[PDB]
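Novice:
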Amino acid sequence: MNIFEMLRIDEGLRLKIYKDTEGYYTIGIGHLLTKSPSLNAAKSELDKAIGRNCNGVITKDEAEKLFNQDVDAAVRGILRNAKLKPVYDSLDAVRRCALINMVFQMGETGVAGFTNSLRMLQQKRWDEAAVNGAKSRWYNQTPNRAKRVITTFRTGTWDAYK
Ligand SMILES: [Cl-]
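Taking this note's numbering, I'd label the letters of the sequence shown as residues 233 to 394.
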């Protein structure tokens, strides 16, 4: 199990523009295109990202390419973030994957808002952190996915995903 397989499980793979859980236009493996109500804007963003006239449809290869870019961006983003970096550095490999998952899903800013939970991860207080992170909008909106990530942080293993 690795980050890609993990996220592939949590986001799925769609080759046609779609609405994510909050109604935003997305494609591929959880690649957000735009937060605008317009499919036109979405289709525009899509072409800009792929570099071709897509007409809201991409190929597998294209979906995987966007995915490679997003994971890399997430990692670099974490490593640049003053708040996130220290947390990342203090963790074991599995739990680092869990932090990357959250960043991929909600952005650095969204994650940075788990101040309290993050501080607990840093102090290796596994159970407390899990309980705290569950008190969030994130958990209430996508509970099964949140549960999988939370268990990953609590246990440091891939169980939730196997
Ligand atoms: Cl709550």
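Here a beta-carbon is modelled for each residue, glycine too, at the ideal position from N, C-alpha and C.
Identify, in the order they occur along the chain, each residue of the same chain with its Cβ nearer than 8 Å to the Cβ of residue 320, setting aside the five sequence neighbours on each side.
Specialist: As a working mapping, residue 320 is identified with position 88 in the sequence shown. Excluding positions up to five away in sequence, the list reads 310, 311, 328, 331.
Novice: May I have the straight-line CA-CA distance separating residue 236 from residue 365, to the nearest angstrom?
Specialist: Residue numbering aside, residue 236 sits at position 4 when the sequence shown is read from its first letter. Residue numbering aside, residue 365 sits at position 133 when the sequence shown is read from its first letter. Those two C-alpha atoms are separated by around 23 Å.
Novice: Measure the C-alpha to C-alpha separation of residue 261 and residue 282 and round it to an integer number of angstroms.
Specialist: The sequence position of residue 261 within the sequence shown is 29, counting from 1. The sequence position of residue 282 within the sequence shown is 50, counting from 1. The straight-line gap from Cα to Cα measures roughly 14 Å.
Novice: Between 286, 245, 357, which has its C-alpha nearest residue 387's C-alpha?
Specialist: In the sequence shown, counting from the first residue as 1, residue 387 sits at position 155. The residue with the shortest Cα to Cα distance from residue 387 is 357.
Novice: Near residue 266, what residues of its chain come up, given a Cβ to Cβ distance below 6 Å and the 5 sequence neighbours on each side ignored?
Specialist: By one-based count along the sequence shown, residue 266 stands at place 34. If we look at residue 266 and ignore the five residues flanking it on each side, its Cβ neighbours are 257, 273, 274, 277.
Novice: For residue 289, is the classification buried or exposed, using 16 other Cβ atoms within 10 angstroms of its Cβ as the cut-off for buried?
Specialist: Indexing the sequence shown from 1 puts residue 289 at position 57. Residue 289 should be labelled exposed.
Novice: Could you tell me if the beta carbon of residue 349 falls within a distance shorter than 8 Å of some heavy atom in ligand 1?
Specialist: Stepping through the sequence shown from its first residue, residue 349 is reached at position 117. False, no ligand heavy atom lies under 8 Å from that Cβ.
Novice: Which runs of the alpha helix (DSSP H) spanning at least 4 residues fall entirely within the segment 349 to 387, listed in chain order?
Specialist: 358 to 365, 369 to 373, 375 to 387
Novice: Would the C-beta of residue 372 count as close to ligand 1, meaning under 8 Å from any of its heavy atoms?
Specialist: Position 140 of the sequence shown, counted from the start, is the residue given in the question as residue 372. Indeed, a heavy atom of ligand 1 lies less than 8 Å from the Cβ.
Novice: Report the residue from 259, 306, 271, 269 whose alpha carbon sits nearest the alpha carbon of residue 292.
Specialist: Translated into positions along the sequence shown, residue 292 becomes position 60. With distances taken between Cα atoms, residue 292 lies closest to 259.
Novice: Can you name, in chain order, every residue of its own chain whose Cβ lies under 6 Å from the Cβ of residue 371, other than the five neighbours on each side?
Specialist: Start at 1 with the first residue of the sequence shown, and residue 371 comes out as number 139. In chain order, 378 place their CB closer than 6 Å to the CB of residue 371, counting only its own chain and leaving out the 5 sequence neighbours on each side.
Novice: Can residue 379 be considered in contact with ligand 1, in the sense that its beta carbon sits closer than 8 Å to one or more heavy atoms?
Specialist: Taking the sequence shown and counting its residues from 1, one reaches residue 379 at position 147. Outside the cutoff, so no.
Novice: Take the Cβ of residue 243 as the centre, count every other Cβ of all protein chains shown within 10 Å, and call the residue buried at 16 or more, exposed below.
Specialist: Working through the sequence shown from its first residue, we reach residue 243 at position 11. It counts as buried.
Novice: Looking at the unbroken alpha helix (DSSP H) that takes in residue 317, where does it start and where does it end?
Specialist: Position 85 of the sequence shown holds residue 317. Residues 316 to 322.
Novice: Locate the alpha helix (DSSP H) running through residue 239, then write down its first and last residues.
Specialist: Within the sequence shown, numbered from 1, the residue matching residue 239 stands at position 7. Looking at the DSSP string, the run of the alpha helix (DSSP H) that includes residue 239 is 235 to 243.
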